[PDB]
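Down below is the structure, laid out as structure tokens.
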Amino acid sequence: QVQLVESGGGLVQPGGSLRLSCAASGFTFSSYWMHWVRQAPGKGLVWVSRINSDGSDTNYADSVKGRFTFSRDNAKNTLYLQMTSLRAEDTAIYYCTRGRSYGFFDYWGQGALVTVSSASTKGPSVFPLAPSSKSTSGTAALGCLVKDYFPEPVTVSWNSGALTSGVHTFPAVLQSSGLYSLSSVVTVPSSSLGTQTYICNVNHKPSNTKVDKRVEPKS
Amino acid sequence: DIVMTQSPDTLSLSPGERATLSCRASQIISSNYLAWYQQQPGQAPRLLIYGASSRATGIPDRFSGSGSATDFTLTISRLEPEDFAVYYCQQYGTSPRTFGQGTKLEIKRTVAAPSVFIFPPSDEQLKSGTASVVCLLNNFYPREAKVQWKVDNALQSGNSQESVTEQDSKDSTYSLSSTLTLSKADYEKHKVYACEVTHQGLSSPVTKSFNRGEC
């Protein structure tokens with residue numbers, strides 16, 4: 001079916017350059033106008049650029065014109081957004097999108113996060129939030145504390161994806177150190193501790209950090 | 001350019017009920033080139049409506065758009081828990097293809113008191129010079145909750161941060177974590193660490209605590 005997958009999200013210094021990509025499938029690519037639409041964290045949606053079917057003609061939002069370059073390769077079925085002289089206000093999730101009519105968007109990719117900051121990249125430390133057979137009812141809870149990383153995002157799964165129910169992965173908060181931090185928790189049976197194994201898998205792609213932490217009752 | 005104004009900013013309604021969302025435009029929107037989108041947490045926007053009134057493919061019939069010149073409307077008639085979202089309107093007659101600022105829809109459920117858990121810092125973290133203490137409020141409603149940290153009965157302020165999940169798509173509850181950050185040395189100066197929780201669903205405050213280094 002119709003899918004769009006962005007790539008190239010990450011960290012860039014102010015005044016820096018970063019290129020995004022989008023692979024497209026499930027439709028006749030050269031038959032549709034395509035766009036980028038962006039969303040600053042916690043904000044609304046903002047249209048960024050538009051390319052005609054054949055890649056020869058583009059329109060840009062005013063705040064972006066002169067700095068971004070929207071191209072397409074209809075052989076590789078690939079969209080590119082060359083961003084230059086980036087600014088703080090460019091920090092956003094960027095969605096690859098397919099245009100219909102004069103410009104509504106009937107399909108969207110998952111989006112790629114671009115963070116413009118003069119800070120440097122840093123991987124998380126991961127600490128267990130151990131379950132207690134004791135101080136726990138309602139019946140048991142455990143987790144991982146994923147601390148001190150930059151920039152967003154991280155992914156947390158449990159048991160490589162085998163454990164999904166009862167899982168809450170909290171939105172990250174920016175600590176006063178300028179580094180993010182979050183916890184992922186799961187509620188689990190009291191009876192199963194000891195027999196069952198719980199491992200959180202943390203992936204932080206901007207720093208190339210992958211961690212597995214086994215979470216266990218202390219003694 | 002064209003400005004698109006949505007109202008209300010916020011809506012909170014029970015399943016079964018009907019939601020009425022407004023979009024007003026600062027210019028006549030030619031033809032009827034107005035679209036509506038639904039955005040669920042952590043997800044790309046999803047198209048509901050185009051042409052002001054035409055439903056996008058695979059969109060349920062209980063979503064209906066109306067309006068013509070400057071006034072537009074998205075009606076969602078039989079709310080399900082899965083309908084929790086931010087809803088955006090969008091003009092596409094003229095560049096830039098302007099969006100409204102969104103109506104955030106919360107869907108109501110019955111009151112639910114949080115289950116509270118407290119977690120001491122791990123021995124591994126302590127070795128690195130800091131201590132994080134985590135208090136967890138699980139699966140509660142409504143969103144308002146109050147967490148207060150006590151260290152040997154002294155009330156803390158300014159050394160904790162909170163984070164709240166988005167409304168859960170199936171049971172409509174929230175969860176909350178509050179994290180207390182101390183230096184290793186400060187953590188080792190005190191014994192009793194406690195988290196005191198107040199919530200509409202609890203008839204009295206719930207306290208969860210531990211004594212530093214006991215188990």
* To do: Tell me which of these A:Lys134 doesn't satisfy, since it passes every other one: (1) assigned to a strand (DSSP E or B); (2) surrounded by fewer than 19 Cβ atoms within 10 Å (Cβ to Cβ); (3) of a type in the set (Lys, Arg).
  => (1)
* Do you know which of the residues in the range B:185-204 that are among the hydroxyl-bearing types (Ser, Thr, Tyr) and under 15 Å from B:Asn159 (Cβ atoms) is surrounded by the most Cβ atoms within 10 Å (Cβ to Cβ)? -> B:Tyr193
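Which residue, of A:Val186, A:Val173, A:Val154, is under 28 Å from A:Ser7 (Cβ atoms), outside the structural domain of A:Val48 (by CATH) and buried (at least 22 other Cβ atoms within 10 Å of the Cβ)?
When all the criteria are applied, what remains is A:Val154.
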* Quick one: would you say A:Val37 is more than 14 Å from chain B (Cβ to nearest Cβ), crowded, with 18+ Cβ neighbours inside 10 Å and in contact with a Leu (Cβ under 7 Å, 6 or more places away or on another chain)? -> no
* **Residues of the range A:160-219 that turn out to be farther than 26 Å from B:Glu162 by Cβ, small (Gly, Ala, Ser) and more than 9 Å from chain B (Cβ to nearest Cβ), as a count** => 7
* In the range A:52-91, which residue that is of a type in the set (D, E, K, R) and either within 14 Å of chain B (Cβ to nearest Cβ) or part of a loop (DSSP other than H, G, I, E, B) (or both) is surrounded by the most Cβ atoms within 10 Å (Cβ to Cβ)? -> A:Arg67
* Just one of the numbered conditions (1) loosely packed, with under 14 Cβ neighbours inside 10 Å; (2) touching a strand residue (DSSP E or B) at 6+ places or on another chain (Cβ under 7 Å) is not true of A:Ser165; which one? -> (2)
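Please indicate, with yes or no, whether at least one residue in the range A:103-110 is more than 9 Å from chain B (Cβ to nearest Cβ) and within 13 Å of A:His35 (Cβ to Cβ).
No, the range A:103-110 contains no residue that is more than 9 Å from chain B (Cβ to nearest Cβ) and within 13 Å of A:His35 (Cβ to Cβ).
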* Which members of the range B:22-46 meet the condition of being surrounded by 19 or more Cβ atoms within 10 Å (Cβ to Cβ), within 9 Å of chain A (Cβ to nearest Cβ) and either under 14 Å from B:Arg97 (Cβ atoms) or not small (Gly, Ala, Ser) (or both)? -> B:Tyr33, B:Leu34, B:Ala35, B:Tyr37, B:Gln39, B:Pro45
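Residues of the range B:60-112 being small (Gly, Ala, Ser), over 18 Å from A:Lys43 (Cβ atoms), outside any strand (DSSP E or B) and within 14 Å of chain A (Cβ to nearest Cβ), which ones? Write out each step before concluding.
Quick first cut of the range B:60-112, residues small (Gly, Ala, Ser) only: B:64-69, B:77, B:85, B:93, B:95, B:100, B:102, B:112.
Filter once more, so that each one left must be over 18 Å from A:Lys43 (Cβ atoms): B:64-69, B:77, B:93, B:95, B:112.
Now narrow it down to the ones that are outside any strand (DSSP E or B): B:68-69, B:77, B:93, B:95.
The answer is B:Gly93, B:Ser95.
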* To do: Considering only the range A:69-90, state which residues are under 23 Å from A:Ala24 (Cβ atoms) and over 21 Å from the mean Cα position of the chain (by Cα).
  => A:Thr69, A:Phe70, A:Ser71, A:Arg72, A:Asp73, A:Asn74, A:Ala75, A:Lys76, A:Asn77
* Does B:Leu180 count as more than 10 Å from chain A (Cβ to nearest Cβ), assigned to a loop (DSSP other than H, G, I, E, B) and among the aliphatic types (A, V, I, L, M)? -> no
* Structure fact -> All-but-one check, B:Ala154 against (1) surrounded by fewer than 20 Cβ atoms within 10 Å (Cβ to Cβ); (2) under 23 Å from the mean Cα position of the chain (by Cα), failing number (2)
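Don't worry about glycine lacking a Cβ; one is built from the backbone with ideal geometry, like all the others, and counts go over all protein chains shown. The values are calculated or read from the model by the stated rules, or taken from the named source; no laboratory read-out is quoted.
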